[PDB]
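First up is the structure itself, then whatever we jot down about it.
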Amino acid sequence: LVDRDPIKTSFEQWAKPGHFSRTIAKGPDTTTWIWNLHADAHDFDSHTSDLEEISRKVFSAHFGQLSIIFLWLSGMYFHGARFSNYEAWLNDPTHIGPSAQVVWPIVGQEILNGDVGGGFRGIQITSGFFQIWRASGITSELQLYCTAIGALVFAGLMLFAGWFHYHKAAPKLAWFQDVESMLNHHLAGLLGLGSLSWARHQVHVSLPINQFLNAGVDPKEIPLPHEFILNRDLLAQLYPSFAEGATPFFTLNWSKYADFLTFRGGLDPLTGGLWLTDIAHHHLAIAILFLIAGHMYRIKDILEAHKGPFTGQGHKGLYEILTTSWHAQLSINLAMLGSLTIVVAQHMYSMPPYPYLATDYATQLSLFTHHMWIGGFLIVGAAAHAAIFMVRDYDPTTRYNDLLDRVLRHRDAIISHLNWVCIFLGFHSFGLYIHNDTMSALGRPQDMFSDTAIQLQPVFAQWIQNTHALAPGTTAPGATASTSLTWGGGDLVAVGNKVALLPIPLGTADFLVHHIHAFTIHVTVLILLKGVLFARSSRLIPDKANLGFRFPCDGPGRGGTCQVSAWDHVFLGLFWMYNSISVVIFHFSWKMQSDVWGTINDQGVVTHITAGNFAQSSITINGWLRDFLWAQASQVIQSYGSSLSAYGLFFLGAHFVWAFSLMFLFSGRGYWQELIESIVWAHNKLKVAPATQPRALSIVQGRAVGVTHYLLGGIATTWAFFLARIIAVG
Amino acid sequence: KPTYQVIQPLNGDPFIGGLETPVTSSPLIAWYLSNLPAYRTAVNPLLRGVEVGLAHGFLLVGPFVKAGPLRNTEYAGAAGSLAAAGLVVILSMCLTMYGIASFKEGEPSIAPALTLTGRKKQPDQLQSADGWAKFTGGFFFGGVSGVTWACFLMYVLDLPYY
Amino acid sequence: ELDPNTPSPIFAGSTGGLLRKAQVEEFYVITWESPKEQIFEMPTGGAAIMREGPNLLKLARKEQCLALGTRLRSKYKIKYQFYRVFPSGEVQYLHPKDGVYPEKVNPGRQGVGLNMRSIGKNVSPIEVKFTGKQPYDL
Amino acid sequence: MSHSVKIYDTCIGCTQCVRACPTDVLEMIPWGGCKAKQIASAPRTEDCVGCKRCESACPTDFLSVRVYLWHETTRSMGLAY
Amino acid sequence: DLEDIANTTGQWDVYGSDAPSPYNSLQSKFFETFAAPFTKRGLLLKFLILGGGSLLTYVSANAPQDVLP
Amino acid sequence: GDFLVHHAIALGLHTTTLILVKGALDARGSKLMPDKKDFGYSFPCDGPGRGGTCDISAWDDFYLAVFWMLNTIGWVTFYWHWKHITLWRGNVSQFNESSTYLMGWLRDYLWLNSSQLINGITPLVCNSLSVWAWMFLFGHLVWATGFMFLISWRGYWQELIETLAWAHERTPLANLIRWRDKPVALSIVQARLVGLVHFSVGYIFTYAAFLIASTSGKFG
Ligand code: CLA
Ligand code: CLA
Ligand code: CLA
Ligand code: CLA
Ligand SMILES: CCCCCCCCCCCCO[C@H]1O[C@H](CO)[C@@H](O[C@H]2O[C@H](CO)[C@@H](O)[C@H](O)[C@H]2O)[C@H](O)[C@H]1O
Ligand SMILES: CC1=C(C/C=C(\C)CCC[C@H](C)CCC[C@@H](C)CCCC(C)C)C(=O)c2ccccc2C1=O
Ligand SMILES: CC1=C(C/C=C(\C)CCC[C@H](C)CCC[C@@H](C)CCCC(C)C)C(=O)c2ccccc2C1=O
Ligand code: SF4
Ligand code: SF4
């Protein structure tokens, strides 16, 4: 390509058919290249055979995410502001049931807008702003309206840094191809200087402006816009102005104190969102580390070190090419970023970190399943992109004889095991349930697997739960309750509208879901593991790195020779994970409502959204639609003519879109060709078709329009199924 | 003496697999398995039959006498035989009609010894039908039988258990 | 094996190639030339070196041992050579035979390309009912 | 047939056209006049598996081959092991 | 050279594939023909699959006074 | 309510037949595969390239057909019953303003009128029906387990069996022990069948158990 250059046009390329592999989009017309162009639009086997740029693009086309997450948030802060309900909800929590969005009464619309709290028509929320927002050491609607434009500021600017890259004549190699410092910085002072900084604006301002909110008032009968400077006088109620101490150290006297923190654990009676008196200390006690920690270092050295006998000789030298990969140092990350998201999903529901959550049921489970699909949707990826490594990234083979060349050495092996693992599971991990049916429908309970028939006896208790809620008696200092109230030992009194967390008991019907997870988590990974491992060569095809990591299927021979590849192992690996997460969700809420969520009154006689129906009745896998799907969902199929209605009214579409995927999943290809011409014929008679040769779907595009649909179908189905059984009773 | 044997993938050539690590060929294990049909065919298959029949025999009891269909039996014909003197039988000819994937029809008698064997190309087959009979014949009297000093043994039992 | 140790194509371990069905039936093996000590790619997932001898690696099945070409001719050399080993001898002299480099002319050998009638209007379906007396066994 | 998938064309020239396909196709057997004069559709095909890598490149202008062989050894599918 | 210990007993070494146990307990031909009929195996199995399996199922299912399903 | 199902049984045998008429109207061949013959029917698959070519045997359109014969012969039967049901031990207004839409076809029918059966294994002992509901979940499994066959495609299966048949051969107490048939993964037509001949029973064994398990108490 010209047009023409090198050097010697500014005149930009708008006009002249094509670009992207060289007997390119050819003069001669076609359609396939219009899904080409969008797909693989980002890729790197083309653009140039030379690293250089690519990192100079990804550090820019990156940017436009932050900026975006930044245009987003703004319409959420704005939204969570003038489309109010926040002002109204906060003087009045336990009571309200929040909104931010509202229609405009065009056509049918309005049904969707149904009285939500501080006196107005709207559609609800299961996205816990209104609750980060508890923070506001200040309060005010127009104020969020500054935090809002403060958002659009970071954006335009944190979006003109993206002009101020690639398009501007760019940095180069050394800049990233000296890695030497990167984490040094990152973790030290941002990971640090945020958490740190967050400390300073987490007791300064917030703690006090909810220390005396957890009582009454109406805001501006509290927390001015400046009030919190030098005036270290209201900081007087929430500890000393250090009195006689000077910059910690010890020649200090406490005859009666010990700074803010004074460590909690449990839950505010009046706002059980976990205590804040702590929340500063923990973030402070973070940062320090990061503050000390981001001070390594300059790199091989540490990895060029510990080897052994069978261990990893190539451990030593574990990648020069880890300054020369991406597709590698992205895949690693996704496993972590991803696997480090759904660890949120627990510490959240068994330890709320915001005021008013749990009581708020629906506004932190939405969460625990949204955060849950990322700690999964980012993991199969975290494999895909390793397959993208394993196939291609490096120039030649300069990488040699090491940890990997090792793992591969065995490979019909690491995956030889893992397999049997799964059929051991599955048999012990699902037909287990099927016993029950076949023998409870035969009907002889003597011999089921009930929490009571097969020998276990009115106790689960003695394991580690019961040595967690009881541990404030070790090296442990203490502080009433535990760490997470859901643990075996002691305490009850949690909240005065509805409930929050309490013990959460186990045994079987907790024993075996917990095991289906195993088998589910395991056969997921089998297919990804073997998939990324056998990326490039095999004894079904060895001539098998020769195009890319996709390729439809090699060809009718060898018997099958179809699925193979690794786009496709990252195609049938999604297919499982949709279950992996989709059944983990199914788990939590049936627990968390069967027990936990429920409610106090006199003598606090607890009354769960369901008197533990779980008991003897999830163990039957029909009980999973006797007690679940057919029981709850009665709220989705009753939901017409209401306010939420948009869920029942989705629940048919998307419970349709899924049942459209199979068409894309289950079908041939020269088929819709053979068909597309009958069409093309009738077209030509009137004189109406040929130009831009209309073509069927690109074997693997077809699979691309399976899967993606099967998910946005099979998923939102419950996104509806859910929001419709926590809004309204529960 | 060395880093781990004279350091080797397999017996020798590294183009067969097996990747002889431990759990494969440590004198620690490879000896816990060669009075039996691992490396070398001792006597014929004749006798190995019942140490195989029997050992595998008095298994399958608590499995189907303590996990039995309606379990913990108060029937004098369980805590042992009961039925399971069926598994050995449903499989003591799950075998015989696999020894129809062996024919090769002879009668040498070489379970007595001669000149330090090898059985040489001992791999592959080189155990005809008139061998695989005297084994799966040792299996029946090893299966059925090995089920009764299970049963016959009273049951002085350890238990609980937590 | 060892008492006779005749090697050439360096490797160390691997759960890849050759297993039970290469004795009990057929064998298949590739041989080659090379300049100075160079590290290669490998079928079966692994990777090693060269120098010489015969440079004679043995391989499970012959689709496997020509892939030394589909990359092992993007790494210099005229000469690479795979035969067929049995458990006893010959017939099927695999890269032996006559000339070499599938795209030259000495003889014609087999192939043909036609059937009875050529690609032309076989809208004509299957003809006679299969009956032992009219030239349809080819 | 026993491997019978027609990739034939009319040029049977094989330069920047087609080579790919494990063993099966030792052609260049010049028929007395067909331009770059190398012709037909195969050599001795009782050797290898069932690709359609066979066309994918260099014309067959009609069909292109695939599996059709039925009578199918094992050396004819990777897996006789 | 003291830690040149001339390999404190070579061993010979490689014990062998040679001989680290005698063999199998003398208990044998204490079953000679004892339990034959699979040691008269000369055409059988069809016999033991009507016989054995008509008496793991004839009386095995029937019973004189239920103790029902 | 009947001016729709009656146009949706009509969208069945039409679509079902555009594919069978088509399936048929060139088992002979076409542009993508011109000379598609001497074997016509089940040659399922062809090499990649050309456009990318697949379930383009007149069998695999038959294969593809049987889904809409399993979707017409569902809308039609579905219809009678809801009607009948209602037209018996009760109303008919029911099908009237509640078949003119879609959600409701799921809610009252599908969701109303299963009741009887499923709380029939019930945490509280085996009541009236038990054959049926266990059939009905046997129904939902045989079905679902179609999909493998259907989104799996011999390639992936064969290959790990290549690794999984490095086991035995390389593991003691299970060596020498020879198969007489070489471990492989299902033919590239076979599994389009078996997922189906699987998709079908599940499906046809579900309504079998469904209607009966609900036209039996009823009410109607
Ligand atoms: C006003 C300015 C402007 C102009 C005229 C250009 C022009 C150009 N840029 Mg560019 N760029 C810009 C701003 C601009 N850029 C900014 C602000 C950034 C950083 C944010 C970049 C980062 C960038 C990179 C990495 C690259 C270019 C390249 C190019 C060249 C190819 C452009 C193209 O066709 O992409 C078409 C794409 C668009 C017009 C849209 C850009 C996508 C982002 C910024 C917004 C869209 C996201 C949006 C939310 C859509 C998703 C939601 C959807 C549902 C609506 C071309 C000369 C490329 C090059 O050098 O040649 C290979 C190179 O790849 N640019
Ligand atoms: C940190 C990571 C992140 C990044 C930066 C990338 C980057 C990349 N990935 Mg990738 N990937 C990721 C996470 C990431 N991935 C994860 C988590 C997965 C697992 C699902 C994958 C699975 C994956 C595959 C299989 C592939 C890539 C490929 C690529 C490359 C192609 C990108 C492209 O052209 O856009 C592609 C995006 C589109 C064409 C837009 C279509 C999006 C559709 C499906 C919409 C999604 C549904 C949604 C609900 C619809 C919107 C709403 C609607 C209803 C209105 C690029 C380098 C491709 C490659 O060939 O590598 C070179 C290859 O295809 N990725
Ligand atoms: C085209 C075909 C025909 C038709 C009309 C249907 C229709 C349906 N099938 Mg189906 N199916 C068919 C052939 C067909 N199938 C075949 C051949 C098979 C294989 C044998 C199946 C196998 C199958 C299964 C397994 C399932 C279905 C299901 C469904 C139903 C989903 C419920 C619904 O849509 O409520 C109708 C109400 C609405 C659609 C309201 C929509 C309002 C929303 C979406 C907003 C408005 C639209 C707007 C554009 C969306 C926003 C997007 C925006 C970003 C642009 C739907 C009635 C599913 C079911 O529910 O029970 C069986 C089930 O999953 N089918
Ligand atoms: C409901 C499902 C059906 C079943 C039973 C299975 C089962 C399996 N799939 Mg699978 N799969 C399915 C649908 C199914 N799939 C679908 C629809 C898709 C895609 C749409 C996939 C995509 C897929 C992939 C990519 C993989 C699998 C794998 C597996 C295997 C995992 C190991 C295991 O636990 O198996 C054994 C356990 C079971 C099958 C469940 C227990 C069965 C019960 C009913 C017991 C019956 C036994 C009893 C003796 C019956 C005899 C009685 C007599 C009358 C016959 C397993 C065989 C993986 C694999 O092979 O790894 C090992 C591989 O990762 N699947
Ligand atoms: C749900 C199935 C029962 C199995 C677990 C039962 C074991 C423990 C007993 C009840 C557990 C619930 O704990 C609950 O006890 C009492 C209910 O009588 C309530 O008792 C509360 O009410 C009164 C008001 O002053 C006083 O008697 C107590 O000081 C106070 O704690 C509490 O709200 C709660 O602590
Ligand atoms: C149904 C199906 C098709 C047929 C699907 C097709 C042809 C979808 C493509 C339709 C396009 C998106 C229509 C585009 C036309 C409009 C964009 C043009 C008008 C512009 C708007 C204003 C309407 C395949 O091609 C296929 C391929 C491989 C495996 C499975 C399948 C498969 O299942
Ligand atoms: C699992 C699976 C396999 C693997 C093959 C398997 C798992 C065969 C396993 C045998 C099962 C366990 C036999 C059980 C069936 C019984 C009902 C007995 C059948 C009796 C017949 C004679 C009727 C494929 O080969 C395949 C090929 C093409 C598309 C999809 C797939 C696919 O999904
Ligand atoms: S290149 Fe294709 S003749 Fe030409 S189509 Fe026939 S093999 Fe050669
Ligand atoms: S197309 Fe057929 S003959 Fe040609 S290489 Fe492939 S398998 Fe061999």
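Residue numbers (PDB author numbering), protein chains in the order written: chain A, 21 to 318, 327 to 758; chain L, 5 to 166; chain D, 19 to 156; chain C, 1 to 81; chain H, 10 to 78; chain B, 515 to 734.
All C-beta atoms, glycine included, are put in the ideal place defined by N, C-alpha and C.
{"Asked": "For a quick check, are the C-beta atoms of A:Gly559 and A:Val598 less than 8 Å apart?", "Found": "yes"}
{"Asked": "Under the three-state reduction of DSSP, which class applies to D:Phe100: helix, strand or coil?", "Found": "strand"}
{"Asked": "Ignoring anything shorter than 4 residues, give me the alpha helix (DSSP H) runs that lie fully in the region 39-106 of chain D, in order along the chain.", "Found": "85-88"}
{"Asked": "Taking 8 Å as the threshold (C-beta atoms), are D:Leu37 and L:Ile20 in contact?", "Found": "yes"}
{"Asked": "Considering Cα atoms alone, identify which of A:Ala469, A:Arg434 and A:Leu162 is closest to A:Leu346.", "Found": "A:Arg434"}
{"Asked": "Given this structure, state the Cα-to-Cα distance separating H:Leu11 from H:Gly19, to the nearest angstrom.", "Found": "16 Å"}
{"Asked": "Do three or more CB pairs link the region 140-147 of chain D to the region 16-32 of chain C at distances below 8 Å?", "Found": "no"}
{"Asked": "Would you decide whether L:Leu161 is buried or exposed? Buried here means 16 or more other CB atoms lie within 10 Å of its CB.", "Found": "exposed"}
{"Asked": "Checking contacts by CB at 8 Å: is B:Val698 closer than that to chain C?", "Found": "yes"}
{"Asked": "Are the beta-carbon atoms of B:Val645 and A:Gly471 separated by less than 8 Å?", "Found": "no"}
{"Asked": "Taking Cβ positions only, does A:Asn607 come closer than 8 Å to chain D?", "Found": "no"}
{"Asked": "Inspect the CB distances between the region 114-122 of chain A and the region 141-148 of chain A and report whether three or more fall short of 8 Å.", "Found": "yes"}
{"Asked": "Considering Cα atoms alone, identify which of B:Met547, B:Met583, B:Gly537 and B:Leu584 is closest to B:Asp574.", "Found": "B:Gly537"}
{"Asked": "Would you say B:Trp680 reaches chain L, if we count a Cβ-Cβ gap shorter than 8 Å as a contact?", "Found": "yes"}
{"Asked": "Between L:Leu58 and ligand 2, is the CB less than 7 Å from at least one heavy atom?", "Found": "no"}
{"Asked": "Strictly closer than 5 Å from CB to any heavy atom of ligand 6: give me those residues in the order they appear in the chain.", "Found": "A:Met691, A:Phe692, A:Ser695, A:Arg697, A:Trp700, A:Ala724, A:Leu725 and A:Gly730"}
{"Asked": "Strictly below 7 Å CB to CB, what residues from chain L border residue 5 of chain H?", "Found": "Outside the displayed range of chain H (10 to 78) lies residue 5 of chain H, so it cannot be described from this structure."}
{"Asked": "For A:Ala175, which residues in the same chain have their Cβ closer than 6 Å to its Cβ, ignoring the five residues on either side in sequence?", "Found": "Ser87, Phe90 and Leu91"}
{"Asked": "Any beta-carbon of chain B closer than 8 Å to the one on C:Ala80?", "Found": "yes"}
{"Asked": "Should A:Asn56 be flagged as near chain B, meaning a C-beta pair shorter than 8 Å?", "Found": "no"}
{"Asked": "Counting only Cβ pairs nearer than 8 Å, list the residues of chain L close to A:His187.", "Found": "Residues of chain L passing the Cβ test: none, with the nearest at roughly 53 Å."}
{"Asked": "Could you tell me if the beta carbon of A:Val408 falls within a distance shorter than 7 Å of some heavy atom in ligand 2?", "Found": "yes"}
{"Asked": "Starting from the C-beta of B:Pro558, find all residues in its chain whose C-beta is less than 7 Å away, skip the five residues before and the five after it, and write them out in chain order.", "Found": "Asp569, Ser571, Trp573, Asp574, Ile702, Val703 and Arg706"}
{"Asked": "With burial defined as no fewer than 16 other Cβ atoms inside 10 Å of the residue's Cβ, what is the status of A:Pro570: buried or exposed?", "Found": "buried"}
{"Asked": "Step through the CB atoms of chain L and report whether any lies within less than 8 Å of the CB of D:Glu19.", "Found": "yes"}
{"Asked": "What does L:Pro73 touch in chain D if you count any residue whose Cβ is under 9 Å from its own?", "Found": "Chain D residues near L:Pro73: none, gap ~41 Å exceeds 9 Å."}
{"Asked": "Quick one, are the C-beta atoms of A:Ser201 and A:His303 less than 8 Å apart?", "Found": "no"}
{"Asked": "Going by beta-carbon coordinates alone, are A:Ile158 and A:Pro245 separated by less than 8 Å?", "Found": "yes"}
{"Asked": "Could you confirm whether any beta carbon from chain H is found closer than 8 Å to the beta carbon of L:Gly110?", "Found": "no"}
{"Asked": "Helix, strand or coil for B:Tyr577 per DSSP?", "Found": "helix"}
{"Asked": "Evaluate B:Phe733 with the Cβ neighbour count: other Cβ atoms within 10 Å of its Cβ, from every protein chain shown; 16 or more gives buried, anything less gives exposed.", "Found": "exposed"}
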